[PDB]
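Architecture and fold: a report
One-letter residues, chain by chain:
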Amino acid sequence: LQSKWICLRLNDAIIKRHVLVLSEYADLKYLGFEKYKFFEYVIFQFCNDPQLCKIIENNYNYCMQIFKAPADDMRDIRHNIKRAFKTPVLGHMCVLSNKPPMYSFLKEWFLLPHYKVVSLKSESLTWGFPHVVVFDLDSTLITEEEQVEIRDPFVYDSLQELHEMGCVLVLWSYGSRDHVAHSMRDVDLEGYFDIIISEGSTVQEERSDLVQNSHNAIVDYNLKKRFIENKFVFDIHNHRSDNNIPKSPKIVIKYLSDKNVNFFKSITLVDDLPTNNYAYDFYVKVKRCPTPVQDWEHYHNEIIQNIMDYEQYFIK
Amino acid sequence: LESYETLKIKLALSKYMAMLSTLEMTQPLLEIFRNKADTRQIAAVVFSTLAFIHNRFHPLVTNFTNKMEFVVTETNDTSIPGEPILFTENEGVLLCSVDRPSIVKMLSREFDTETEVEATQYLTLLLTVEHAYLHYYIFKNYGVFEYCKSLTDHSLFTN
């Protein structure tokens, strides 16, 4: 159904470009006295109450924005909010620990506690606001053969070209951490990617045993790359006969914030199986390439064109 | 290899000095900032340099709102060490602070070597404006306390 939502903006917000999802408009009591001005964007469900619309209109200290969401998709939320507010870059979103909304699109998405936002930093090794992109290992850029082979020598040129643009380069796979790291050494991709992740199927649908606060990463300094361990089991989103390759945005956002990344212009998913595209803003259905094809020009120009469409849509 | 880079660097310096000379300032660069009353020359110089730097790394935009005003702070308290140039906000209007004593101490510190000394002073002033524009870029995009944080750490830009 065309879900109606109401979004509000503060003209004199203490901190800019952040989101807070509330169960209802009257949730200001949770923020309370002068502690609501921290956040910029407030969104909540609309109960088809014109009296509530009048109540909202009474608030002269904020802005009014009502729209429709045909599906509970985070992408549509971002598109509509940015279009209404004309902002080209979207910040973080927060919820209440005691009363968090149970919207479906929130699942498999990173949630920031409301108070913890004030203790962050903007350092991102970027001139300005970058994009986000992650790539698949097998059939995408690495041959399934024992000897890893480059799909296209122009891929390295494309990587440095994106670095000129400033887009964030990320690797996420599911093969063994050691094997993938040695593959990166063999292909010499040390100075290109920003985050290197594999074995993304750590989810075991944990429901009990109260196991937490157990972190141990063996960062082999043969390459000094961050060999972090995915301590996340959050594949419980909706019932299905078979589930795998969770590839959720939540993990990507966590590892981005690891480098104080908090203001990204856009994000794209580059993988073969469309199943990994759950609510990613841009999906690239890369053709399976178990052997070199050296046709990266078309896909690279597609990436550039998608970026241009994003910028033209929202900035202009 | 590095020779072409050095030539380009000196060319940037040549543009810097020629642009300064286009302001019709026969006074020596040091004596310009010696005059505390001649705040107008200092303010125009700083704004021109900031616009040029913005242009160098962002050639698209050419004109900027210079409505920001420049006050030459001369109180030791008002001065903030490390950043002799500061940009505040006054109900939406941004000001500028100039620590002339710090500038003078900067200009007369050392003579290097062992004309060109002009070039040393010019490069020093250029780097001062470099910090100025870096943190002002942070504010002009998004600064409330992130600008204050950037003052607490100017390395967040890195590159």
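Residues numbered from 1 in each chain as written, not as in the entry; some residues may be left out. Chains lettered and ligands numbered in written order. Part of a larger assembly, values for the part shown. Heavy atoms only, no water.

Per the PDB record, the structure was determined using cryo-EM to 4.31 Å resolution.

Going by the PDB entry, chain B carries the name Occlusion-derived virus envelope/capsid protein and comes from Autographa californica multiple nucleopolyhedrovirus. Each PDB entry has a title, and for this one the record gives "Outer shell and inner layer structures of Autographa californica multiple nucleopolyhedrovirus (AcMNPV)".

The name that the PDB entry assigns to chain A is 38K, with the source organism given as Autographa californica multiple nucleopolyhedrovirus.

So, the overall build of chain B
What chain B contains, in helices and strands, is 6 helices and 3 strands. The helix and strand sequence of chain B, counted from the amino end, reads α-α-α-β-β-β-α-α-α. Over its C-alpha trace chain B gives a radius of gyration of 16 Å, about what one expects of a compact globule, namely 15 Å for 159 residues. In terms of overall dimensions, chain B has a C-alpha envelope of 45 × 35 × 30 Å along the principal axes. Carbon and sulfur atoms make up 57% of the accessible area of chain B, which amounts to about 10,400 Å² in all. Charge-centre separation for chain B: the mean point of 13 positive side chains lies 3 Å from the mean point of 20 negative side chains. (Helix = DSSP H or I, 4+ residues; strand = E, 2+ residues; numbered from the N terminus. Rg over C-alpha atoms; globule rule 2.2 N^0.38 Å. Areas by Shrake-Rupley, 256 points an atom, 1.4 Å probe, with all protein chains shown as cover. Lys, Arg positive; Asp, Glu negative; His and termini not counted. Charge placed at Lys NZ, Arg CZ, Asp CG, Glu CD.)

Things to note about the packing of helix 4 (residues 154–165) of chain A against helix 7 (residues 296–314) of chain A
All names here are of chain A. In the contact formed by helix 4 and helix 7, the axes pass within 10 Å of each other and the chain directions differ by 15°. Classified by the angle between their axes, helix 4 and helix 7 sit roughly parallel to one another. Regarding helix 4 and helix 7, the two cross each other, and that crossing is right-handed. On helix 7, the residues touching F154, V155, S158, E161, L162 and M165 of helix 4 are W296, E297, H300, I303, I304 and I307. Of the residues in the contact of helix 4 with helix 7, the class split is 8 nonpolar, 2 polar and 2 charged. (Axes fitted to C-alpha atoms, helices over the stretch in contact; angles between N-to-C directions. Parallel < 35°, antiparallel > 145°, perpendicular 65-115°, else oblique. Left-handed = near helix turned anticlockwise from the far one by under 90°. Contact = heavy atoms within 4.5 Å. Nonpolar A, V, L, I, M, F, W, Y, C, P; charged D, E, K, R; others polar.)

Side note on a negative patch on the surface
Residue and element names in this part refer to chain B. Together, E110, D112, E114 and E116 line one region of the surface with negative charge. Relative to the assigned elements, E110 resides in the loop between helix 4 (100–107) and helix 5 (116–142). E110 gets classed as exposed once you look at its relative accessible area, which sits at 52%. (Patch = residues over 30% accessible without salt bridge, like charges linked within 9 Å, V, L, I, M, F, W, Y side chains within 5 Å. Salt bridge = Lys/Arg side-chain N within 4 Å of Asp/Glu carboxyl O. Buried < 20%, exposed > 50% of the residue type's maximum accessible area, 1.4 Å probe, protein only.)

Digging into the sheet that holds strand 2 (residues 85–86) of chain B
Strand pairing in a sheet is mediated by backbone hydrogen bonds. Such pairs are either parallel or antiparallel. Residues and elements named next belong to chain B. Spatial ordering of the open sheet is given by 1-3-2, a layout of 3 strands whose pairing is mixed. Edge positions in the sheet fall to strand 1 (69–71) and strand 2, since each of these pairs with one other strand and no more. Alignment of strand 1 against strand 3 (residues 95–98), held across 3 bridges, turns out to be parallel. Bridged to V71 within strand 3 is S97. (Pairing = 2+ DSSP bridges.)

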